[PDB]
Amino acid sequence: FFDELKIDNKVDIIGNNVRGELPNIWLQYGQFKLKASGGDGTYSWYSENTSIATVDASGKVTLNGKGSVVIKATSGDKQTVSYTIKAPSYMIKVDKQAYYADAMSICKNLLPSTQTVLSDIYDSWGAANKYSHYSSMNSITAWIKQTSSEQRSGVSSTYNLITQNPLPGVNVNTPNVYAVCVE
């Protein structure tokens, strides 16, 4: 005698309590919550492809890789509904720390072209440490692909996936800068 199980279209981004739909640009390992209504109130969740996403019994999802996948919700009264995650425009991946040149290597030249590429990820998700995977980090300075001047000058810009704090004039050979790849 229960209602037709449903999964709310709007998700809850953990990192910034925004209640809206799954952002179109991803922070590998960012997380949000699906809200299941209808059914006998009892829920069980699971992703059809753990390589792309994962979901805990409470409905919290984690993005593991770029691609598309389905998250199923199941109630006690035998109802299964599918919430589909469509592959994002691009996705942020924090790799190893590496001098600029190495950043490019490791990333196949796919470092962020402009700073907005990383700042938008912030605006859509929040500090990366608000999430389970980056949870105990104090900083994630990231490389921003050089410009011509930057290049003749021997430096490049940077942005911080956690504290933002963009900084220009950065020595290409400084330690403590992560190779963040955009795929």
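Don't overthink the numbering: it's just position in the shown sequence, from 1.
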Exercise. As stated in the PDB record, which stretch has the larger average Cα B-factor, 163-171 or 18-26?
Worked result: 18-26
For this session: Could you settle it for me: does 37-45 or 114-122 have the higher average Cα B factor in the PDB entry?
Result: 37-45
For this session: In terms of CA temperature factor as recorded, identify the highest of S157, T50, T141, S68.
Result: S68
For this session: Grab the CA temperature factor for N129 from the record and place it in the lowest, middle or highest third of its chain.
Result: middle
For this session: Place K78 in the lowest, middle or highest third of its chain's C-alpha B-factors, as listed in the PDB entry.
Result: highest
Problem set entry | Record-listed C-alpha B factor of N64: chain third | middle
Problem set entry | CA B-factor placement of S153, once the chain's modelled residues are sorted into thirds | middle
Problem set entry | Ranked C-alpha temperature factor of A87 among modelled chain residues, by third | highest
